[PDB]
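Just one chain follows, in the form deposited in one PDB entry, and it is written as structure tokens.
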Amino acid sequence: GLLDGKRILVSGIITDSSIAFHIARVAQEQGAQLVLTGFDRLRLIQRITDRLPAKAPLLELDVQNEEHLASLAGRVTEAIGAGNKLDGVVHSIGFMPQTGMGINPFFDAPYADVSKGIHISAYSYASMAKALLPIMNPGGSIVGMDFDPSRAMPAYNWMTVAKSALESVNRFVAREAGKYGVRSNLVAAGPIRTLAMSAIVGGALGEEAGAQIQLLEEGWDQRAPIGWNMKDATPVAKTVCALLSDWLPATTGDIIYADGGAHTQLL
């Protein structure tokens, strides 16, 4: 298995359509031993993760909670056993208040909302690395989830800004992680029909936002030389596993695009 014997923390499972659910599933299929972290609805997440091919301890982690972070590494050490360290960390956490997205005018997002979004979506990549690098093995890998923010787009608004911040954070995290013999990288995924995405497409953030995202999705598959299946998170999970593996050992502070190649094509 690709991740045989590796111990890997996977954050960001909330439903069985979470990208992190698929990351966790593929990692397990590939021999990894997981510790999961979950935000807020731990009973729900436990029930969801019961469906993973293997049992995995689930730890509460609200990335905005200083104490959760301060206790994180001890709790993980408790879960994987004293003397054992993590080989991988998957950050699959993102949030932006509604005012920072969709048809709420870009200018109308109050900074408190944007800040909370950037906190959860960007800064927490650094928070997590800070918490976990002390308990990571040399040759370890931190992976976060990105959505290519190099160009502006409708609807994603301040979440795109948050991702721009995240990409910058990742480069700094790589500098820190390198001290530990650890890589830090993002996977920039194509659009995936998670519950939230489906809700946006269905107009939850305004009809025009829904229409634009639908157009975005369609254009993505069109541009993607190998196509893009927004209903299938597996290619993205595999890519995350690729980075968690020993097979990209010279790649760090970097972004791997698991988007069907859409970003390399204009039309």
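Residues that one form lacks are left out of the comparison. Each form is matched to the other, and the largest set of C-alpha atoms that superpose within 1.5 Å is called the rigid core. Note that residue numbering begins at 1 and tracks the sequence as displayed.
* To do: Would you determine, from the values in the PDB entry, which of 216 to 224 and 41 to 49 has the greater average C-alpha temperature factor?
  => Looking at the recorded C-alpha B-factors, 41 to 49 comes out higher on average.
* On average, are the C-alpha B-factors higher in 253 to 261 or in 8 to 16? -> Taking the mean B-factor of the alpha carbons in each, 8 to 16 is higher.
* Taking the Cα B-factors listed in the entry, which of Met101, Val143, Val161, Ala122 comes out highest? -> Of the options given, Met101 has the highest CA B-factor in the PDB entry.
* Asked: Can you tell me which of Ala82, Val169, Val89, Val187 has the highest Cα temperature factor in the record?
  -> Each of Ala82, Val169, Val89, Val187 was compared by C-alpha B-factor; the highest is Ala82.
* **CA B-factor placement of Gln33, once the chain's modelled residues are sorted into thirds** => For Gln33, whose C-alpha B-factor we compare with every modelled residue in the chain, the answer is the highest third.
* Relative to the other modelled residues of the same chain, rank the CA B-factor of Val76 and answer lowest, middle or highest third. => Top third by C-alpha B-factor.
* Going by the recorded CA B-factors, say which third of the chain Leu195 sits in, lowest, middle or highest. => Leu195: CA B-factor falls in the highest third of its chain.
* Within this chain, which third does the Cα B-factor at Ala237 fall in: lowest, middle or highest? -> For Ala237, whose C-alpha B-factor we compare with every modelled residue in the chain, the answer is the lowest third.
* Where the record places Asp148 (Cα B-factor, split into thirds across the chain) -> According to the entry, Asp148 has a C-alpha B-factor in the chain's lowest third.
The same protein has a further form, the form deposited in another entry, not shown here; the description that follows concerns it.
* Quick one: lay the two forms over each other on the core and tell me which of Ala54, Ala224, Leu42, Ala199 moves its CA by at least 2 angstroms between the shown form and the other one. => Meeting the 2 Å or more criterion is only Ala199.
* Shift of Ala209 between the shown form and the other one at or above 2 Å (CA, core fit) -> Comparing the forms between the shown form and the other one, which are aligned on their rigid core, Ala209 does shift its C-alpha by 2 Å or more.
* Asked: What runs of three or more residues stand out between the shown form and the other one, with each Cα shifted 2 Å or more once the rigid core is matched?
  -> Run shifting 2 Å or more: just 197 to 209.
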